[PDB]
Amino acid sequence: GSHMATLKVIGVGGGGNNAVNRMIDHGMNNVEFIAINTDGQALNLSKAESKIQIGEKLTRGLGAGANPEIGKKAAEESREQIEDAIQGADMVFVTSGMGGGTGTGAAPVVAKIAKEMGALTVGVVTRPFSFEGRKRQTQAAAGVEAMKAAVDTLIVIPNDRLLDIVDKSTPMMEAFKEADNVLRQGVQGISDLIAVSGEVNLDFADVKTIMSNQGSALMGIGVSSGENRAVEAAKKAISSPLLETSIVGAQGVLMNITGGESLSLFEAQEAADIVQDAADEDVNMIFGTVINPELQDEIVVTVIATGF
């Protein structure tokens, strides 16, 4: 029979659950969301179908007060509830803001549980703005390292990079949605990859081969049309200004190209060469293609890059 991969997204702490709420608002089908927090007031406002309040004995329903040991102990003491919410997932994305008490301490525990439950486990986490100061940055760094030890693959977004994509008036929430896009489009690209049978078919086992026990990762999508569409879509897929880990140095890549019946062999090679050239390495590519005739002149390039 056919395989039906279960994808879950888990928000851990305030920033993580913020990202979950905004992704739910944007709309996202066939993904299950789990909200995990110490802060009962925030959790009450979560849109997630599955909510886990952790650490109530430790915090009396408050946040962790910037103490990552409390976040860690809260998650460990709710291990069974976390296991029960995860059970059945083939893939888990853990999103969290590093530098506070709950995200920094609980997110690596959640990631460890997911991996021990058999899920392919991806972290997507932020580092604090420099204006939040050195102690927050240093706590966040310890969280990042703990995440790296617990996940299969880790995507880090330094919040300082948001200062590169705003003008003096861009609302903070609009900036936050740009960071959200990294996780949302990564999840959606995998979901679409699994849902469709491709002319050159990639599936969840190929995702596992590229992401399992790899470390840093890049996940990107590019869309373009018209002249030079394949090159432009490929460049967009690999060129986010928000990432700590760029494409440079990638040694493994999963690339899927979707287009209409006009999709040419020549432009598929162009797109693949863009990614190889940018990595500046001998890349082990897993290459796929999907013909969607509903598409007209549009091409979509999806990239997952690892092996750094």
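For every residue, the number given is its place in the sequence shown, counted from 1. If you superpose the two forms and keep the largest set of C-alpha atoms that fall within 1.5 Å, you have the rigid core.
- Stretch comparison, 231-239 versus 68-76: after rigid core superposition, larger RMS CA deviation in 6 other deposited structures of this protein is found for 231-239.
- For 269-277 versus 46-54, the mean Cα distance to the shown form in 6 other deposited structures of this protein after rigid core alignment is larger for 269-277.
- Mean C-alpha B-factor is higher over 23-31 than over the other stretch, the pair under comparison being 268-276 and 23-31.
- Here 5-13 and 283-291 are compared by their mean Cα B-factor, and 283-291 comes out higher.
- Reading the B-factor column for the CA atoms of 225, 95, 137, 209 in the entry, the top value corresponds to 225.
- Within the selection 132, 152, 203, 192, the deposited Cα B-factor values reach their highest point at 192.
- Annotation for residue 114: C-alpha temperature factor in the middle third relative to the rest of the modelled chain, per the entry.
- For residue 38, the recorded CA temperature factor ranks within the lowest third of the chain's modelled residues.
- Residue 52: CA B factor in the lowest third of modelled residues in this chain (values from the PDB entry).
- Among all modelled residues in its chain, residue 197 ranks in the highest third by Cα B-factor.
- Annotation for residue 252: CA B-factor lies in the middle third of the chain's modelled residues.
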